[PDB]
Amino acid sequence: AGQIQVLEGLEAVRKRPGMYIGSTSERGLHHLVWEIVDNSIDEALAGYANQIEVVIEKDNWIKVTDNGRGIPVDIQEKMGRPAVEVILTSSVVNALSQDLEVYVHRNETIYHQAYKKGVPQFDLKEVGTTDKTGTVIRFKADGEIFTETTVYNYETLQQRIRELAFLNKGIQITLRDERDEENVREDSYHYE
């Protein structure tokens, strides 16, 4: 019943995306980033992260990295699935992304899963080792949902990231635009 309910959730969000994120215009596109960044900020506020990096990658992928605990990977009694899988298959960003990847650094291990329109492409995999903790999320907004534009606006991201760092003092939040490899722009904010 758990994973059927997952599938129905994805269908619901993709059918009425604007009920979930406000709009499917440029505003809703940028709201994807806010949803993810907000979750990292909660992890900082909980006491466990202090650095968040947002990268606009080639072809308008977004990568958000935090140095928090890493999303848990333990098997849920609820779903019979790893915790990270439950969390990401119930994410609006994931449902509304053509593709999304997560890398978790936790338990001295790097774990990876990928998704399309919220559907996992393979089971969560151990792919390496690590001496850090945190989470990396990379996603590509689905152009079938965001029919006006899937191109992010650096200045829009910059303005809100600046505001978020100012509001959440102590968190280092970095924005980087790598879309043009010949001219990479970065702004990093860190208030007291």
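Numbers follow the displayed sequence, beginning with 1.
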| property | result |
| --- | --- |
| 102 to 110 versus 74 to 82 - greater average Cα B-factor per the deposited record | 74 to 82 |
| Position of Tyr48 among the chain's modelled residues by C-alpha B-factor, lowest, middle or highest third | highest |
| Third assignment of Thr174 from its chain's C-alpha B-factors | lowest |
| Assigned third (lowest, middle, highest) for the C-alpha B factor of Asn94 | lowest |
| Among modelled residues of the same chain, the CA temperature factor third for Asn153 | middle |
| Ranked C-alpha temperature factor of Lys140 among modelled chain residues, by third | lowest |
